[PDB]
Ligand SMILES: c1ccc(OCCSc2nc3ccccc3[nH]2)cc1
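One chain follows as structure tokens, the form deposited without the named molecule.
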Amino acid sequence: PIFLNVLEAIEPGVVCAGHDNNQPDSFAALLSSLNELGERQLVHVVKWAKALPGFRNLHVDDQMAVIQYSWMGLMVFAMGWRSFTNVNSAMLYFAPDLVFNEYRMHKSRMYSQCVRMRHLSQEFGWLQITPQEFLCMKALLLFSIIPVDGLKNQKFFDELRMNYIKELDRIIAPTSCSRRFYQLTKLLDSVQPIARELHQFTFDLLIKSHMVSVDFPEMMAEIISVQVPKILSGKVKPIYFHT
């Protein structure tokens, strides 16, 4: 199954957040540490993406574009998985040195969102998702948000996407092998409104970040200020399986 080989091979490892657990759980520290993590996990997302099958066939601006649009969802999906596998979904396994219990969920002022992410995590258990399914689904997520008028080379993108769908089809490869497809497509859809809420939250946060002493690393601030607003303003949209 050459495609799995790749996905299993290139899957990024553990990434620590750099969080000082000796300090108390302030809003500023939890959030500056999550911003750091984000910047760290983006390095790995980039390296991973470049090594995906067919990915470097996309025009290079498209390449950068889809990474910058889809990092949240990708990162949230992978964090849901880690939480499922390491803490059976009581808490949120952001990094081994940044595990959110409920207190941290409240202190982050993103309790609401963290509730939605914990559901996502539970669903990994609820649905008995295999590692191979996770991987194929996670890759699809890279190809699940685009400009509404399209990318420079949109035809190559649609083809690639098609192909990642068939792979998820294949790893599922006729009443379960169909109702299953319904379920995972459903689960993938569910990532989008959660990422939507985090985009809104982080963008709001970056705007008021001098007022609250929250540090945003360089590329995170660029992406939040240039790219995220295209999603928030409706210029860039998720692609859903189901309407």
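Residue numbers run from 1 along the displayed sequence.
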Seminar exercise, completed: Missing residues of the deposited chain between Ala173 and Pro174 number 4 to 9
Seminar exercise, completed: Between 226-234 and 17-25, the record assigns the higher mean Cα B factor to 17-25
Problem set entry | 63-71 set against 206-214, stretch whose average Cα temperature factor tops the other in the entry | 206-214
Seminar exercise, completed: Highest CA B factor of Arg56, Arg40, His199, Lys47, as deposited, is found at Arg56
For this session: Would you mind checking where the Cα B-factor of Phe84 ranks among the modelled residues of its chain, as the lowest, middle or highest third?
Result: middle
Exercise. Once the chain's modelled residues are ordered by C-alpha B factor and cut into thirds, is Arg118 in the lowest, middle or highest one?
Worked result: highest
Exercise. By its CA B factor, does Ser144 count among the lowest, middle or highest third of the modelled residues in the chain?
Worked result: lowest
Problem set entry | CA B-factor ranking of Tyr111, expressed as a third of its chain | middle
Exercise. Thinking about Cα B factors across the chain, which third does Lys152 belong to?
Worked result: highest
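Keep in mind the form solved in complex with the named molecule is missing from the figure; the text below concerns it.
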For this session: Note which of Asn101, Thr85, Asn163, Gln132 lies within 4.5 Å of the named molecule in the deposited complex, where distance is taken over heavy atoms; exactly one does.
Result: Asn163
Exercise. Within a 4.5 Å heavy atom cut-off, is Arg170 in contact with the named molecule in the deposited complex?
Worked result: yes
For this session: With heavy atoms only and a cut-off of 4.5 Å, decide whether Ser26 touches the named molecule in the deposited complex.
Result: no
For this session: Just give me the residues of 36-73, first to last, that have a heavy atom within 4.5 Å of the named molecule in the deposited complex.
Result: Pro53, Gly54, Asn57
